[PDB]
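A.B. asks: Got a structure for you, model.pdb, holding PDB, C-alpha atoms and all ligand atoms.
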ATOM      1  CA  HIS A   1     101.917 -76.052  89.291  1.00  0.00           C
ATOM      2  CA  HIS A   2     103.832 -75.253  86.037  1.00  0.00           C
ATOM      3  CA  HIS A   3     100.977 -72.740  85.261  1.00  0.00           C
ATOM      4  CA  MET A   4     102.573 -70.358  87.888  1.00  0.00           C
ATOM      5  CA  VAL A   5     102.469 -66.476  87.518  1.00  0.00           C
ATOM      6  CA  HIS A   6     104.577 -63.769  89.314  1.00  0.00           C
ATOM      7  CA  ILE A   7     101.949 -61.178  90.397  1.00  0.00           C
ATOM      8  CA  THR A   8     102.857 -57.558  91.311  1.00  0.00           C
ATOM      9  CA  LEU A   9     100.269 -55.521  93.306  1.00  0.00           C
ATOM     10  CA  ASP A  10      98.942 -52.410  91.395  1.00  0.00           C
ATOM     11  CA  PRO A  11      99.166 -49.321  93.697  1.00  0.00           C
ATOM     12  CA  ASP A  12      96.772 -47.346  91.339  1.00  0.00           C
ATOM     13  CA  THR A  13      93.895 -49.709  92.343  1.00  0.00           C
ATOM     14  CA  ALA A  14      94.990 -49.763  95.988  1.00  0.00           C
ATOM     15  CA  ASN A  15      92.504 -48.440  98.585  1.00  0.00           C
ATOM     16  CA  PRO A  16      94.429 -45.548 100.245  1.00  0.00           C
ATOM     17  CA  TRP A  17      94.407 -47.114 103.804  1.00  0.00           C
ATOM     18  CA  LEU A  18      96.540 -50.033 102.337  1.00  0.00           C
ATOM     19  CA  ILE A  19     100.393 -50.413 102.585  1.00  0.00           C
ATOM     20  CA  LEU A  20     102.289 -52.349  99.890  1.00  0.00           C
ATOM     21  CA  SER A  21     105.911 -53.432 100.544  1.00  0.00           C
ATOM     22  CA  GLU A  22     108.310 -51.743  98.023  1.00  0.00           C
ATOM     23  CA  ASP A  23     108.488 -54.981  95.905  1.00  0.00           C
ATOM     24  CA  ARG A  24     104.643 -54.902  95.634  1.00  0.00           C
ATOM     25  CA  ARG A  25     104.400 -58.563  96.877  1.00  0.00           C
ATOM     26  CA  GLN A  26     103.004 -57.576 100.325  1.00  0.00           C
ATOM     27  CA  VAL A  27      99.823 -55.677 101.400  1.00  0.00           C
ATOM     28  CA  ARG A  28      98.704 -54.820 104.973  1.00  0.00           C
ATOM     29  CA  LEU A  29      95.866 -52.567 106.301  1.00  0.00           C
ATOM     30  CA  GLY A  30      97.435 -49.277 107.577  1.00  0.00           C
ATOM     31  CA  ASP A  31      96.088 -47.006 110.379  1.00  0.00           C
ATOM     32  CA  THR A  32      95.791 -43.710 108.321  1.00  0.00           C
ATOM     33  CA  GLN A  33      95.257 -42.646 104.666  1.00  0.00           C
ATOM     34  CA  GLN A  34      97.912 -41.916 101.970  1.00  0.00           C
ATOM     35  CA  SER A  35      97.047 -39.038  99.541  1.00  0.00           C
ATOM     36  CA  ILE A  36      97.196 -40.353  95.913  1.00  0.00           C
ATOM     37  CA  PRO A  37      95.226 -39.417  92.740  1.00  0.00           C
ATOM     38  CA  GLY A  38      91.587 -40.404  93.703  1.00  0.00           C
ATOM     39  CA  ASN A  39      91.558 -41.932  90.170  1.00  0.00           C
ATOM     40  CA  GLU A  40      88.966 -44.113  88.350  1.00  0.00           C
ATOM     41  CA  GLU A  41      90.836 -47.395  89.365  1.00  0.00           C
ATOM     42  CA  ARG A  42      91.167 -46.983  93.177  1.00  0.00           C
ATOM     43  CA  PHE A  43      88.867 -49.124  95.376  1.00  0.00           C
ATOM     44  CA  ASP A  44      87.335 -46.340  97.508  1.00  0.00           C
ATOM     45  CA  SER A  45      85.008 -48.001 100.147  1.00  0.00           C
ATOM     46  CA  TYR A  46      86.880 -51.298 100.959  1.00  0.00           C
ATOM     47  CA  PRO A  47      90.497 -52.398 101.698  1.00  0.00           C
ATOM     48  CA  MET A  48      90.899 -53.843  98.145  1.00  0.00           C
ATOM     49  CA  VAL A  49      93.667 -54.007  95.450  1.00  0.00           C
ATOM     50  CA  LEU A  50      94.219 -55.894  92.151  1.00  0.00           C
ATOM     51  CA  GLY A  51      97.352 -57.244  90.430  1.00  0.00           C
ATOM     52  CA  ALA A  52      99.015 -55.235  87.608  1.00  0.00           C
ATOM     53  CA  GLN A  53      98.438 -58.392  85.472  1.00  0.00           C
ATOM     54  CA  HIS A  54      95.522 -58.722  82.969  1.00  0.00           C
ATOM     55  CA  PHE A  55      94.586 -62.318  81.943  1.00  0.00           C
ATOM     56  CA  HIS A  56      92.811 -62.335  78.531  1.00  0.00           C
ATOM     57  CA  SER A  57      93.415 -66.142  78.057  1.00  0.00           C
ATOM     58  CA  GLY A  58      95.152 -69.341  79.263  1.00  0.00           C
ATOM     59  CA  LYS A  59      95.755 -71.006  82.684  1.00  0.00           C
ATOM     60  CA  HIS A  60      97.413 -69.059  85.594  1.00  0.00           C
ATOM     61  CA  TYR A  61      98.406 -70.237  89.143  1.00  0.00           C
ATOM     62  CA  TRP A  62      99.537 -68.364  92.313  1.00  0.00           C
ATOM     63  CA  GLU A  63      99.767 -68.751  96.118  1.00  0.00           C
ATOM     64  CA  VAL A  64      99.186 -66.299  99.035  1.00  0.00           C
ATOM     65  CA  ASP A  65     100.416 -66.608 102.668  1.00  0.00           C
ATOM     66  CA  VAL A  66      97.632 -65.778 105.237  1.00  0.00           C
ATOM     67  CA  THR A  67      99.627 -66.864 108.378  1.00  0.00           C
ATOM     68  CA  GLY A  68      98.443 -65.065 111.576  1.00  0.00           C
ATOM     69  CA  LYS A  69      95.348 -63.389 109.994  1.00  0.00           C
ATOM     70  CA  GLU A  70      91.748 -63.211 111.322  1.00  0.00           C
ATOM     71  CA  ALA A  71      90.146 -62.122 107.986  1.00  0.00           C
ATOM     72  CA  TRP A  72      91.057 -61.796 104.260  1.00  0.00           C
ATOM     73  CA  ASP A  73      89.646 -61.950 100.671  1.00  0.00           C
ATOM     74  CA  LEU A  74      91.293 -63.584  97.584  1.00  0.00           C
ATOM     75  CA  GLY A  75      90.428 -64.429  93.978  1.00  0.00           C
ATOM     76  CA  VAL A  76      89.885 -62.983  90.458  1.00  0.00           C
ATOM     77  CA  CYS A  77      87.548 -60.173  89.268  1.00  0.00           C
ATOM     78  CA  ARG A  78      86.608 -58.588  85.860  1.00  0.00           C
ATOM     79  CA  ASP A  79      88.711 -55.533  84.831  1.00  0.00           C
ATOM     80  CA  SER A  80      85.210 -53.891  84.454  1.00  0.00           C
ATOM     81  CA  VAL A  81      84.193 -54.331  88.192  1.00  0.00           C
ATOM     82  CA  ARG A  82      83.030 -51.083  89.935  1.00  0.00           C
ATOM     83  CA  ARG A  83      85.802 -49.414  92.090  1.00  0.00           C
ATOM     84  CA  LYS A  84      83.781 -46.583  93.775  1.00  0.00           C
ATOM     85  CA  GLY A  85      80.875 -47.054  96.230  1.00  0.00           C
ATOM     86  CA  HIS A  86      79.501 -49.843  98.511  1.00  0.00           C
ATOM     87  CA  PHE A  87      78.716 -53.270  96.927  1.00  0.00           C
ATOM     88  CA  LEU A  88      78.307 -56.987  97.779  1.00  0.00           C
ATOM     89  CA  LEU A  89      81.497 -58.949  96.851  1.00  0.00           C
ATOM     90  CA  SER A  90      79.934 -61.758  94.720  1.00  0.00           C
ATOM     91  CA  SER A  91      80.026 -63.556  91.310  1.00  0.00           C
ATOM     92  CA  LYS A  92      76.764 -61.598  90.669  1.00  0.00           C
ATOM     93  CA  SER A  93      79.093 -58.519  90.719  1.00  0.00           C
ATOM     94  CA  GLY A  94      82.000 -60.077  88.646  1.00  0.00           C
ATOM     95  CA  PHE A  95      84.171 -61.349  91.579  1.00  0.00           C
ATOM     96  CA  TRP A  96      85.244 -65.011  91.989  1.00  0.00           C
ATOM     97  CA  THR A  97      86.489 -64.931  95.612  1.00  0.00           C
ATOM     98  CA  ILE A  98      86.591 -66.836  98.973  1.00  0.00           C
ATOM     99  CA  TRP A  99      87.213 -65.222 102.375  1.00  0.00           C
ATOM    100  CA  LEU A 100      87.919 -65.624 106.068  1.00  0.00           C
ATOM    101  CA  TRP A 101      85.664 -63.168 108.028  1.00  0.00           C
ATOM    102  CA  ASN A 102      85.844 -62.450 111.843  1.00  0.00           C
ATOM    103  CA  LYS A 103      88.050 -65.621 111.718  1.00  0.00           C
ATOM    104  CA  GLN A 104      86.327 -69.051 112.223  1.00  0.00           C
ATOM    105  CA  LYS A 105      84.160 -68.629 109.039  1.00  0.00           C
ATOM    106  CA  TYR A 106      85.409 -69.486 105.485  1.00  0.00           C
ATOM    107  CA  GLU A 107      82.952 -68.588 102.640  1.00  0.00           C
ATOM    108  CA  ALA A 108      82.754 -68.474  98.779  1.00  0.00           C
ATOM    109  CA  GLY A 109      81.318 -65.281  97.101  1.00  0.00           C
ATOM    110  CA  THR A 110      78.263 -66.888  95.472  1.00  0.00           C
ATOM    111  CA  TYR A 111      74.870 -65.062  95.717  1.00  0.00           C
ATOM    112  CA  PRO A 112      74.044 -65.577  98.404  1.00  0.00           C
ATOM    113  CA  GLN A 113      77.476 -66.455  99.956  1.00  0.00           C
ATOM    114  CA  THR A 114      78.189 -70.172 100.827  1.00  0.00           C
ATOM    115  CA  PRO A 115      79.772 -71.359 104.138  1.00  0.00           C
ATOM    116  CA  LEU A 116      82.654 -73.879 103.654  1.00  0.00           C
ATOM    117  CA  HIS A 117      83.552 -76.915 105.872  1.00  0.00           C
ATOM    118  CA  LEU A 118      87.411 -77.031 106.112  1.00  0.00           C
ATOM    119  CA  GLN A 119      89.404 -79.745 107.964  1.00  0.00           C
ATOM    120  CA  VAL A 120      92.548 -77.520 108.189  1.00  0.00           C
ATOM    121  CA  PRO A 121      92.709 -73.689 108.558  1.00  0.00           C
ATOM    122  CA  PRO A 122      95.034 -72.610 105.683  1.00  0.00           C
ATOM    123  CA  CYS A 123      98.266 -70.580 106.196  1.00  0.00           C
ATOM    124  CA  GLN A 124      98.625 -70.647 102.358  1.00  0.00           C
ATOM    125  CA  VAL A 125      95.982 -70.542  99.553  1.00  0.00           C
ATOM    126  CA  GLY A 126      96.481 -71.577  95.897  1.00  0.00           C
ATOM    127  CA  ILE A 127      94.373 -69.701  93.274  1.00  0.00           C
ATOM    128  CA  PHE A 128      93.957 -71.222  89.742  1.00  0.00           C
ATOM    129  CA  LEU A 129      92.076 -69.716  86.701  1.00  0.00           C
ATOM    130  CA  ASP A 130      91.251 -71.587  83.446  1.00  0.00           C
ATOM    131  CA  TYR A 131      89.856 -68.790  81.214  1.00  0.00           C
ATOM    132  CA  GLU A 132      88.726 -70.833  78.145  1.00  0.00           C
ATOM    133  CA  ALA A 133      87.172 -73.242  80.766  1.00  0.00           C
ATOM    134  CA  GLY A 134      85.526 -70.477  82.862  1.00  0.00           C
ATOM    135  CA  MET A 135      87.140 -71.962  86.028  1.00  0.00           C
ATOM    136  CA  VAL A 136      88.469 -70.267  89.205  1.00  0.00           C
ATOM    137  CA  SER A 137      89.373 -72.707  92.060  1.00  0.00           C
ATOM    138  CA  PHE A 138      90.990 -72.345  95.537  1.00  0.00           C
ATOM    139  CA  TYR A 139      93.312 -75.020  97.113  1.00  0.00           C
ATOM    140  CA  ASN A 140      94.288 -75.382 100.840  1.00  0.00           C
ATOM    141  CA  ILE A 141      98.138 -75.581 100.451  1.00  0.00           C
ATOM    142  CA  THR A 142      98.299 -76.510 104.204  1.00  0.00           C
ATOM    143  CA  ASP A 143      95.965 -79.555 103.582  1.00  0.00           C
ATOM    144  CA  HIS A 144      97.885 -81.118 100.602  1.00  0.00           C
ATOM    145  CA  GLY A 145      96.226 -78.630  98.166  1.00  0.00           C
ATOM    146  CA  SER A 146      92.697 -79.967  98.965  1.00  0.00           C
ATOM    147  CA  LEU A 147      90.028 -78.095  96.868  1.00  0.00           C
ATOM    148  CA  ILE A 148      88.443 -75.449  99.156  1.00  0.00           C
ATOM    149  CA  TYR A 149      85.860 -74.213  96.565  1.00  0.00           C
ATOM    150  CA  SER A 150      85.412 -73.992  92.764  1.00  0.00           C
ATOM    151  CA  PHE A 151      83.390 -71.608  90.501  1.00  0.00           C
ATOM    152  CA  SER A 152      82.548 -73.209  87.079  1.00  0.00           C
ATOM    153  CA  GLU A 153      80.369 -72.020  84.108  1.00  0.00           C
ATOM    154  CA  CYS A 154      81.957 -68.545  84.882  1.00  0.00           C
ATOM    155  CA  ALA A 155      82.005 -67.790  81.084  1.00  0.00           C
ATOM    156  CA  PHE A 156      84.440 -64.782  81.084  1.00  0.00           C
ATOM    157  CA  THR A 157      84.227 -62.061  78.351  1.00  0.00           C
ATOM    158  CA  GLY A 158      86.526 -59.264  79.629  1.00  0.00           C
ATOM    159  CA  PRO A 159      90.142 -59.235  80.731  1.00  0.00           C
ATOM    160  CA  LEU A 160      90.492 -60.514  84.370  1.00  0.00           C
ATOM    161  CA  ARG A 161      92.470 -59.254  87.423  1.00  0.00           C
ATOM    162  CA  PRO A 162      93.803 -61.044  90.531  1.00  0.00           C
ATOM    163  CA  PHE A 163      92.224 -59.467  93.664  1.00  0.00           C
ATOM    164  CA  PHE A 164      93.145 -59.339  97.398  1.00  0.00           C
ATOM    165  CA  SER A 165      92.104 -57.835 100.771  1.00  0.00           C
ATOM    166  CA  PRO A 166      94.091 -58.144 104.044  1.00  0.00           C
ATOM    167  CA  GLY A 167      90.543 -57.759 105.506  1.00  0.00           C
ATOM    168  CA  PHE A 168      89.532 -55.238 108.220  1.00  0.00           C
ATOM    169  CA  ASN A 169      91.372 -54.834 111.582  1.00  0.00           C
ATOM    170  CA  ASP A 170      88.271 -54.510 113.853  1.00  0.00           C
ATOM    171  CA  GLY A 171      89.984 -56.400 116.713  1.00  0.00           C
ATOM    172  CA  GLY A 172      93.322 -54.577 116.191  1.00  0.00           C
ATOM    173  CA  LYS A 173      94.450 -58.220 115.618  1.00  0.00           C
ATOM    174  CA  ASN A 174      94.302 -58.606 111.776  1.00  0.00           C
ATOM    175  CA  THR A 175      97.421 -56.427 111.125  1.00  0.00           C
ATOM    176  CA  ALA A 176      99.603 -59.183 109.489  1.00  0.00           C
ATOM    177  CA  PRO A 177     100.068 -58.680 105.714  1.00  0.00           C
ATOM    178  CA  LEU A 178      98.997 -60.970 102.878  1.00  0.00           C
ATOM    179  CA  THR A 179     102.086 -62.268 101.042  1.00  0.00           C
ATOM    180  CA  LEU A 180     102.521 -63.611  97.488  1.00  0.00           C
ATOM    181  CA  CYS A 181     104.632 -66.827  97.842  1.00  0.00           C
ATOM    182  CA  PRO A 182     107.744 -67.047  95.563  1.00  0.00           C
ATOM    183  CA  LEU A 183     106.799 -70.442  93.814  1.00  0.00           C
TER     184      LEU A 183
HETATM  185  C1  LIG B   1      76.710 -60.387 102.542  1.00  0.00           C
HETATM  186  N1  LIG B   1      76.879 -59.203 103.358  1.00  0.00           N
HETATM  187  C2  LIG B   1      78.044 -58.580 103.536  1.00  0.00           C
HETATM  188  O1  LIG B   1      78.177 -57.694 104.384  1.00  0.00           O
HETATM  189  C3  LIG B   1      79.252 -58.995 102.682  1.00  0.00           C
HETATM  190  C4  LIG B   1      79.981 -60.153 103.387  1.00  0.00           C
HETATM  191  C5  LIG B   1      81.491 -60.179 103.293  1.00  0.00           C
HETATM  192  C6  LIG B   1      82.298 -59.819 104.370  1.00  0.00           C
HETATM  193  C7  LIG B   1      83.673 -59.877 104.234  1.00  0.00           C
HETATM  194  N2  LIG B   1      84.296 -60.279 103.117  1.00  0.00           N
HETATM  195  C8  LIG B   1      83.524 -60.631 102.086  1.00  0.00           C
HETATM  196  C9  LIG B   1      82.145 -60.610 102.135  1.00  0.00           C
HETATM  197  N3  LIG B   1      80.153 -57.873 102.434  1.00  0.00           N
HETATM  198  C10 LIG B   1      80.369 -57.333 101.226  1.00  0.00           C
HETATM  199  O2  LIG B   1      80.024 -57.867 100.173  1.00  0.00           O
HETATM  200  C11 LIG B   1      81.112 -55.995 101.201  1.00  0.00           C
HETATM  201  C12 LIG B   1      82.625 -56.213 101.088  1.00  0.00           C
HETATM  202  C13 LIG B   1      83.102 -56.301 102.546  1.00  0.00           C
HETATM  203  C14 LIG B   1      84.607 -56.150 102.687  1.00  0.00           C
HETATM  204  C15 LIG B   1      85.075 -56.372 104.124  1.00  0.00           C
HETATM  205  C16 LIG B   1      86.592 -56.296 104.290  1.00  0.00           C
HETATM  206  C17 LIG B   1      87.316 -57.223 103.332  1.00  0.00           C
HETATM  207  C18 LIG B   1      86.884 -56.973 101.900  1.00  0.00           C
HETATM  208  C19 LIG B   1      85.369 -57.078 101.741  1.00  0.00           C
HETATM  209  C20 LIG B   1      82.217 -55.283 103.272  1.00  0.00           C
HETATM  210  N4  LIG B   1      81.006 -55.205 102.436  1.00  0.00           N
HETATM  211  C21 LIG B   1      79.963 -54.418 102.756  1.00  0.00           C
HETATM  212  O3  LIG B   1      80.048 -53.718 103.758  1.00  0.00           O
HETATM  213  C22 LIG B   1      78.722 -54.369 101.899  1.00  0.00           C
HETATM  214  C23 LIG B   1      77.834 -53.153 102.246  1.00  0.00           C
HETATM  215  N5  LIG B   1      77.286 -53.302 103.600  1.00  0.00           N
HETATM  216  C24 LIG B   1      76.734 -52.795 101.258  1.00  0.00           C
HETATM  217  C25 LIG B   1      76.410 -53.635 100.197  1.00  0.00           C
HETATM  218  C26 LIG B   1      75.421 -53.280  99.295  1.00  0.00           C
HETATM  219  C27 LIG B   1      74.754 -52.078  99.436  1.00  0.00           C
HETATM  220  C28 LIG B   1      75.049 -51.222 100.480  1.00  0.00           C
HETATM  221  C29 LIG B   1      76.040 -51.579 101.379  1.00  0.00           C
HETATM  222  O4  LIG B   1      76.409 -50.806 102.443  1.00  0.00           O
HETATM  223  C30 LIG B   1      75.998 -49.436 102.535  1.00  0.00           C
HETATM  224  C31 LIG B   1      76.448 -48.911 103.866  1.00  0.00           C
HETATM  225  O5  LIG B   1      76.191 -49.849 104.915  1.00  0.00           O
HETATM  226  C32 LIG B   1      77.071 -49.716 106.033  1.00  0.00           C
HETATM  227  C33 LIG B   1      76.287 -49.448 107.303  1.00  0.00           C
HETATM  228  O6  LIG B   1      76.638 -48.211 107.930  1.00  0.00           O
END
Could you render the structure as structure tokens?
C.D. replies:
Amino acid sequence: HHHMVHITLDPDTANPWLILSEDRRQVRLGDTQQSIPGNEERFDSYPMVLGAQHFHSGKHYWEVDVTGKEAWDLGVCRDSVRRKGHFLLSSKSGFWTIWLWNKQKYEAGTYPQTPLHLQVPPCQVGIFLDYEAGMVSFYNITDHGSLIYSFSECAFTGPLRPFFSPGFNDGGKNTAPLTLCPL
């Protein structure tokens, strides 16, 4: 898509158990805790991180590689979302996301969450946002960009932020990073 965006991970929002590659295009769940200003932005309870980019308007496309991963979380969220404390990832909270959990279960963050039927387990996900349209949509790059799920009527007011999680590593076998694909 010509609507493509080059997204850089924002280390200030990064949960402190996370590791970003030096070019801030990779993120993996570590096995200890970096010591960094426990600031207002940092996701504190969950392995979560936003992009440096704020979308106030327009259409914006990007892709993420999920090859070899048993869980993950991807989408857009309001700048205003809460960073500290426990919370349900959901549109009801200002997150427009889909996830793999414990592998073998793809779901959209509606309230309550919605199980997806997928023909092809993705190694690559496309994320698209039409602001003025109130659209966020997820495509299965591996299955000829088939629509996974789509949130409509989102009616956005704030600035918006891309959002990721490499998931949790309960298994020891969800260590592979998420990767932002060059485009
Ligand atoms: C529908 N119920 C769920 O468990 C969903 C489902 C879900 C799972 C994975 N991916 C997206 C969705 N989780 C959440 O919404 C959040 C996010 C999640 C992360 C996991 C790793 C990747 C990133 C997402 C963990 N999660 C919680 O744990 C909530 C939490 N349980 C809590 C919600 C409210 C109020 C007190 C809450 O917990 C208080 C303490 O309970 C822990 C028990 O000791």
A.B. asks: Could you give me, as a ChimeraX atom specification, every polymer residue with an atom at most 7 Å away from an atom of ligand LIG 1 (chain B), counting only C-alpha atoms and all ligand atoms?
C.D. replies: /A:46-48,72-73,86-90,99,101,109,113,165-168
A.B. asks: Just so the selection is clear, what residues does the PyMOL selection byres (((chain A and resi 19-25) around 8) and not hetatm) cover here, as a list in words?
C.D. replies: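 What the PyMOL selection byres (((chain A and resi 19-25) around 8) and not hetatm) grabs from the file is residues 7, 8, 9, 10, 11, 17, 18, 26, 27, 28, 29, 30, 179 and 180 of chain A.
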A.B. asks: May I ask which of the residues A:57, A:112, A:181, A:44 is the closest one to residue 135 of chain A, counting all atoms listed in the file?
C.D. replies: A:57
A.B. asks: Work out how far atom CA of residue 158 of chain A is from atom CA of residue 56 of chain A, in Å to one decimal.
C.D. replies: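 Computed distance, atom CA of residue 56 of chain A to atom CA of residue 158 of chain A, equals 7.1 Å.
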A.B. asks: What is the distance between atom CA of residue 110 of chain A and atom CA of residue 154 of chain A, in Å to one decimal?
C.D. replies: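 Result for atom CA of residue 110 of chain A versus atom CA of residue 154 of chain A: 11.3 Å, one decimal.
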A.B. asks: Apply the PyMOL selection byres (((chain A and resi 138) around 8) and not hetatm) to the displayed file and report the matching residues as a PyMOL selection string.
C.D. replies: chain A and resi 98+125-128+136-137+139-140+147-150
A.B. asks: Using the chain letters and residue numbers of this document, give as a ChimeraX atom specification the residues selected by the PyMOL selection byres (((chain A and resi 78) around 8) and not hetatm).
C.D. replies: /A:76-77,79-81,94-95,158-161
A.B. asks: Interatomic distance between atom CA of residue 39 of chain A and atom CA of residue 13 of chain A?
C.D. replies: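 One can read the atom CA of residue 39 of chain A to atom CA of residue 13 of chain A distance as 8.4 Å.
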A.B. asks: Between A:146, A:91, A:102, A:15, which residue has the minimum interatomic distance to residue 120 of chain A, considering all atoms listed in the file?
C.D. replies: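 Among the listed residues, A:146 lies closest to residue 120 of chain A.
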A.B. asks: For residue 69 of chain A, which residue among A:142, A:34, A:157, A:104 is the nearest when counting only C-alpha atoms?
C.D. replies: A:104
